[PDB]
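[1] My complex, part one, positions kept as in the full thing:
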Amino acid sequence: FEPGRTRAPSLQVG
Amino acid sequence: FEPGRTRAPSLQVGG
């Protein structure tokens, strides 16, 4: 597993 | 293989 490939999602509704 | 899962890329340069 590589943190240099994590893409955070949008999580705040609105 | 599912043909309908295919998404063709954009092959025309400049296009």
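    That came in fine, so what should we check first? Residues are numbered from 1 along each chain as shown, chains lettered A, B, ... in the order given.
[2] Ramachandran coordinates for residue A:4?
    In terms of degrees, to the nearest 10, the main-chain angles of residue A:4 are phi -70, psi 10.
[3] Secondary structure class of residue A:11, three-state.
    Classification of residue A:11 using DSSP: H, G, I helix; E, B strand; the rest coil returns coil.
[4] what about the residue most central in space within chain A, distance to residue B:14?
    Centroid-nearest residue in chain A: residue A:8, 0.9 Å away (criterion: CA atoms, centre = their mean). Remark: distance between residue A:8 and residue B:14 (CB to CB, to the nearest Å) = 34 Å. Heads up, the C-betas are built off the backbone N, CA and C, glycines and all.
[5] And for residue A:1?
    Residue A:1 is 39 Å from residue B:14, by CB to CB.
[6] What of residue A:12?
    Here the criterion is CB to CB. By it, residue A:12 lies 39 Å from residue B:14.
[7] got it, and residue A:5?
    From residue A:5 to residue B:14 the distance is 31 Å (CB to CB).
[8] Check residue A:11 too.
    From residue A:11 to residue B:14 the distance is 38 Å (CB to CB).
[9] Ok, residue A:13 next?
    On the measure of CB to CB, residue A:13 and residue B:14 end up 40 Å apart.
[10] Just the element for the residue located most distally from the centre of chain A, please.
    For chain A, the residue at maximal distance from the C-alpha centroid (CA atoms, centre = their mean) is residue A:14, at 17.0 Å. Assigned by DSSP states H and E, residue A:14 falls within no helix or strand.
[11] Tell me how many other residues crowd residue A:4.
    Close neighbours of residue A:4, defined as other CB atoms under 10 Å in any protein chain shown, add up to 4.
[12] How about the one 3 residues further on?
    The tally of other residues near residue A:7 (other CB under 10 Å) stands at 4.
[13] Let me see the backbone angles for it.
    Per-residue torsions, residue A:7: phi -120, psi 100 (degrees, to the nearest 10).
[14] May I have the residues that are in contact with residue A:7?
    Residue A:7 makes contact with no residue, according to CB atoms under 8 Å, 6 or more residues apart in numbering or on different chains.
[15] How about residue A:11?
    No contacts exist for residue A:11 under CB under 8 Å, 6+ apart.
[16] What backbone torsions are found at it?
    Given degrees, to the nearest 10, the pair of backbone angles that residue A:11 has is phi -130, psi -30.
[17] now for chain C, put it on the one above:
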Amino acid sequence: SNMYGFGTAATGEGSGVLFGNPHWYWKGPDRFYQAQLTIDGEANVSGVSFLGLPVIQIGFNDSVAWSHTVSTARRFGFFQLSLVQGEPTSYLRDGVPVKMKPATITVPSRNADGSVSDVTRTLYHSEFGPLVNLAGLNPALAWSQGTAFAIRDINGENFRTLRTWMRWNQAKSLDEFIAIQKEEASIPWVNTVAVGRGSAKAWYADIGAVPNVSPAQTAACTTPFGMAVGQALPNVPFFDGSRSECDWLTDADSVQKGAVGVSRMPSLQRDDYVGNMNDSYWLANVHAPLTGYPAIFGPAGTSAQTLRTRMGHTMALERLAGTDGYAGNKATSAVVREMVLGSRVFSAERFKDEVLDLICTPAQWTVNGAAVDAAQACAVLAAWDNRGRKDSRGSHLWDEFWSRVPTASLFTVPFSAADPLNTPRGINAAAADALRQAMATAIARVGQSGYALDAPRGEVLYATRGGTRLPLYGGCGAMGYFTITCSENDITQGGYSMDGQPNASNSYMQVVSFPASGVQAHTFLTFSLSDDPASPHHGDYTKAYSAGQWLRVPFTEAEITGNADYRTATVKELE
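    This next block brings in chain C, placed alongside the chains you saw above:
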């Protein structure tokens, strides 16, 4: 979104005052539509619904007024599944095989050339919720021969939400409003504040549907992938779905399986005020911080608040101290109507002088090896009133600057939970080079836009209606505005136009009080009621909002029929 509930210590009257200010979509089907529903003997309620919803979600009736803001409490989690040998669409539960439920779905799809063809996929549910492709989150998270991932939203099984708003639409007191909230425990992803006729106390709660996991489970149930991706999904439980001991828990007072029980969800009643501007429940009232609620609700004393939260509580305290420039020291409807549009900018109020003192002498700089003349930027910002009112000059230069300032190592006085409105603070003198780089960029961007550094904000920030650019005020939360009018348009593309699909902004606004003669509500629907440019109601409310002229919305029968624009018609049909 912002809201306040002021109780009778703050209003000095026999009832409180509610300010509802969701920051939300200006276009699209989630946008608000303002209306009143009068159902003989059953309900008389006024407020807004999303388009397509049939009951009022934010509004008031003769007895209670309420509003919502999105809550920091996470509403979903993931379950990592351990796959049955040779059958990647089955998973193990305590070592026993369970089949995922397939659905083969065919969607007709129009082509480039205008013909229609079928697209077919077979998709899956687990007992937790649908399967979810997490490879986009990180490639190691793919559905393999050994592992898959499902997502559980506790609202997937919460069929109580519409009926809770319906019951609130009919509620006859703040007490009943609260009892309904607790009995249904259904509010799906928002905080709630409410005020009631005849009640001293305003109400704040994050009581609704929330996944229930224990600290012991978080420590033992989080898989290695769950650990590795956890920083991207803060407080989201990412658990081993092959162990029944990792299933979400049910309390004795849980209304719904796998949800937090009613007594473990935060609420607070105050006679002075409650407020929320999207940080967690912690500082519903700064004088009485809430702590000790489940981790999933968010931090309570260990994270700095946003600049908008710092600004919104500062505004409440200064109203009640009588130190904000408005009349007296009570949060009455008339003063609250002006206060919430005042477009103060926290970052400038707190840090502009320190910034200019650090960087503006001399105002001729060397920035990345380039000569930069900052004298006019320094002089414009020094003269500026630290507000985003329509006539404020230079406020857009501040937006283009502050939004670029590196916040790592910006402040020398860190967050303190014992001073949460005034920390962090202290602009770091070591940041001077970085602040000059940000200011040089901001000067360059305002330059490319065509606006003068000292242009009035109303010419930069606007909504066009009927061909006229109606000047606006307010700005983006990132600068510590409370009054939100936050364009998604880059300044260099015609300014801060609100005409496209702006970021979440002031939308339905209500200030609601309960004088003796009956509930009174002043409102805006900033983008106007109708999305059709031909309608007279595409731009009339927007012209009132530009002017700051709140609508007194009629509510009693006499008020409705006595309104200067009153028209009526009957629609009827079989069934």
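[18] once more on the contacts of residue A:11, this time with chain C?
    When the contact criterion is CB under 8 Å, 6+ apart, the partners of residue A:11 are C:74, C:233, C:236.
[19] got those as a markdown table, with neighbour count columns?
    Shown next, in a markdown table, are these (neighbours: other CB atoms under 10 Å in any protein chain shown):
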| residue | neighbour count |
| --- | --- |
| C:74 | 21 |
| C:233 | 19 |
| C:236 | 20 |
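[20] close to chain B, is stretch C:111-130?
    Yes: judged by CB under 8 Å from any CB of the partner chain, stretch C:111-130 comes into contact with chain B at C:117, C:118, C:119, C:120, C:121.
[21] Around chain A, which positions in the stretch 51-200 of chain C sit nearby?
    C:70, C:74, C:136, C:137, C:138, C:139, C:140, C:189.
[22] my guess is the first one contacts residue C:23, does it?
    Spelled out, it's residue C:70. No: Residue C:70 lies out of contact with residue C:23 (CB atoms under 8 Å); the separation is 9.0 Å.
[23] out of these two, which sits in the busier spot?
    Legend: neighbour count by other CB under 10 Å for residue C:70 and residue C:23, higher for residue C:23 (23 against 18).
[24] Setting the sequence-adjacent residues aside, check what's closest to residue C:448.
    With sequence-adjacent residues excluded and distances taken as CB to CB, 6 or more residues apart in numbering or on different chains, residue C:448 is closest to residue C:492, at 4.4 Å.
[25] what's the neighbour count on that neighbour?
    15.
[26] how much space is there between it and residue C:170?
    51 Å.
[27] And for residue C:135?
    47 Å.
[28] Between these two, which has more neighbouring residues?
    More neighbours surround residue C:170 than the other of residue C:135 and residue C:170, with 17 against 14 (other CB under 10 Å).
[29] Kindly confirm whether my reading is correct that that one touches residue C:42.
    Yes: Residue C:170 sits in contact with residue C:42 when judged by CB under 8 Å, with a separation of 6.5 Å.
[30] chain center to stretch C:450-460, what's the gap?
    Relative to its parent chain, stretch C:450-460 has a centroid offset of 28 Å by CA atoms, centre = their mean, to the nearest Å.
[31] Could you check it and say which residues are buried?
    By neighbour count with 16 or more other CB atoms under 10 Å in any protein chain shown, stretch C:450-460 contains the buried residues C:451, C:452, C:453, C:454, C:455, C:456, C:457, C:458, C:460.
[32] tell me which element the fourth one is part of?
    Just to be clear, that refers to residue C:454. Here residue C:454 is assigned to no helix or strand, by DSSP H and E.
[33] sorry, back to before: now, which of the residues of stretch C:111-130 next to chain B sits nearest chain A?
    residue C:121 (21.3 Å; CB to the nearest CB).
[34] Can you redo the residues of stretch C:111-130 next to chain B as CSV, where the extra columns are neighbour count and secondary structure?
    Below are the residues of stretch C:111-130 next to chain B laid out as CSV (neighbours: other CB atoms under 10 Å in any protein chain shown; DSSP: H, G, I helix; E, B strand; the rest coil):
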residue, neighbour count, secondary structure
C:117, 9, strand
C:118, 9, strand
C:119, 13, strand
C:120, 11, strand
C:121, 12, strand
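[35] slot chain D in:
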Amino acid sequence: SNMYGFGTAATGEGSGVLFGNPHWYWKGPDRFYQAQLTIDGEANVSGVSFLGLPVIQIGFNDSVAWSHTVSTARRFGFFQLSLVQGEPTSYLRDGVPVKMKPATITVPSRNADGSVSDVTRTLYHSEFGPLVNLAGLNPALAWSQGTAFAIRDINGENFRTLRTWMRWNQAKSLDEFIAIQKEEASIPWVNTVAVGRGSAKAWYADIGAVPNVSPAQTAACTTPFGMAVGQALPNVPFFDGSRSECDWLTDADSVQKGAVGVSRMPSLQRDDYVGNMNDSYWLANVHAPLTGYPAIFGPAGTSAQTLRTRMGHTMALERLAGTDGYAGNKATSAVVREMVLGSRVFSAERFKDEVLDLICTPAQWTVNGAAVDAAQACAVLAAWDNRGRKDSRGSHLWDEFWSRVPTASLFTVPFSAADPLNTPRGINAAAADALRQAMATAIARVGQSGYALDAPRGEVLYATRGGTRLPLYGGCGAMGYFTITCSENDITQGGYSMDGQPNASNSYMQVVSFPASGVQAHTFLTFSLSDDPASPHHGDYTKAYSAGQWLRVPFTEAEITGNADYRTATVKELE
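    Adding chain D to what we have so far:
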């Protein structure tokens, strides 16, 4: 992109005429930059380069003028790798394991808060070229334990391209131009057309760097994945990379390994004209079609040509037939300058009357069960001149309509290779309902834009410079324009603004001839030379383009020094 080379029989002068018209980017680093380079005893050349390129790519000198258009010839292929199992970073070749070559790369990345994070990935090469993630093309095409994919671009090993344009910049005849093109076989992804001083015939070629595969290989080497996606990637070899007999071939007259030999690539010389508008080599001249070249260059009779290709050859034939409304029947420099901006619309010229006859009587329709009033659309289109000139009225209604017409069974005269300009044609009466649906939508979209249905095109289609909207003419290739000015902006968002990042459009244009006194070139650089809004060269040329005023570009020393705007300065420094 379009280009023509007219020979001396066509011009009736002692020299041919070269028209270069690349449709290309109006912003960014691949945009064109016009200049002349005069290097003592070595070269004297004028034309354009991409920003950051040091030699002229489309241009002329005292002896030859030339241009390019993107070619249909594929320049890349994929290789499906059979992996050494348990070691998915190795692959088999004729049964022997081969390690992929790894590169661990660290990229620094600025964060929201100003700090910089290093991002690290290990990426791979095969002997064919880099590994490539094809899961986006189809999820079955993931790099698994068993299979990966590599892409090979013939130009990754072609180090000859810049040197080829350098030699052309220096060339002293079309014969030499031709010999260079053949010797280098380096042109990477474009066709070429050239005219030379003292040559009767104009030159066309798609002679450059092209993968070499045989029909027997395509049959033997295409893997089952390759066949299943082959229609998404037409003519791209998708081969089994585990077999050395599936490597790209080399001919005895190949200049580069794996590339097509010089004698097997298409070219043509003609006394009358050659031209290309982005279809294959087939119709370099419609009187003398080229056939029989390798499949990878594209079809030569199995496929209808685009409306723009049909328009471009129609314009050449009608000029030489003297039936296009310009004087005489020769493609002189002066007449070419006018003809190429004339903004004829092939789809309207050929199909508008048939569509109106079929759907405008009656002009009140029922479409999707709704009343639709088409009387104004029908009348405006009937009156329209079938051109996109600045003053043409209703041309943008046609754009919104034609672009929405479904093409299946639209024509009753199918494509015929014996007449690829006039087929397909004949609007099918059975399409009436579909054509009314497309027109109803067009009408609604023009309505939403705020333009009248009969607005003149220069109000709809424009480039802003200095705060002024300069009216433009021309249009999108999909409608059968030859004169290309093709906005990416939806009409409902302020019309066909050219101010953003438009679709490939008229950019550098040159009409070049070789009278006895010396080469003469008339040019445009439509977006102007400089990207700096403060420069007098950000909008001057665009004002000329809007006006239709070709620039006679000075070339000899006397022309340069005698130019009304001439300035000189010398820059020097130690090497």
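[36] Same as before for the contacts of residue A:11, with chain D this time.
    C:74, C:233, C:236.
[37] The nearest residue to residue C:196 once chain neighbours are set aside - how many residues pack around it?
    The shortest distance from residue C:196 to any non-neighbouring residue, by CB to CB, 6+ apart, is to residue C:174 (2.6 Å). By other CB under 10 Å, the residues close to residue C:174 number 26.
[38] can you check the one 3 residues further on too?
    Around residue C:177 there are 24 other residues, counting by other CB under 10 Å.
[39] separation between it and residue C:260?
    With distances taken as CB to CB, residue C:177 is found 20 Å from residue C:260.
[40] for residue C:144, same thing?
    33 Å.
[41] which one of the two has more residues nearby?
    Higher neighbour count among residue C:144 and residue C:260: residue C:260, with 30 against 12, using other CB under 10 Å.
[42] ok, now which ones touch the more buried one?
    If you count contacts by CB under 8 Å, 6+ apart, residue C:260 has them with C:210, C:211, C:212, C:251, C:254, C:294, C:296.
[43] you'd agree residue C:396 is in a strand?
    No: Residue C:396 is assigned helix when assessed by three-state DSSP, not a strand.
[44] Pick out whichever of the contacts of residue A:11 sits closest to residue C:515.
    If you rank the contacts of residue A:11 by distance to residue C:515 using CB to CB, residue C:74 comes first, at 40.5 Å.
[45] Return the backbone torsion pair for the closest one.
    Dihedral angles (degrees, to the nearest 10) for residue C:74: phi -70, psi 140.
[46] That one reaches residue C:235, doesn't it?
    Yes: between residue C:74 and residue C:235 there is a contact under CB under 8 Å: 5.1 Å.
[47] Quick check: neighbours shared by these two?
    Taking CB under 8 Å, 6+ apart as the contact criterion, the common neighbours of residue C:74 and residue C:235 are residue C:296.
[48] returning to what we had before: hmm, the residue nearest to the centre of chain A is touching residue C:232, no?
    Yes: using CB under 8 Å, residue A:8 is in contact with residue C:232, at 4.2 Å.
[49] joint contacts of the two?
    With CB under 8 Å, 6+ apart, residue A:8 and residue C:232 have common neighbours residue C:137.
[50] Which helix or strand contains the closest residue to residue C:10 other than its chain neighbours?
    Excluding its sequence neighbours, the residue lying closest to residue C:10 (CB to CB, 6+ apart) is residue C:331, at 4.3 Å. Taking DSSP H and E as the definition, one finds residue C:331 inside no helix or strand.
[51] Look at the closest residue to residue C:416 other than its chain neighbours and say how many residues are nearby.
    Excluding its sequence neighbours, the residue lying closest to residue C:416 (CB to CB, 6+ apart) is residue C:423, at 4.7 Å. Neighbours of residue C:423 under the rule other CB under 10 Å: 17.
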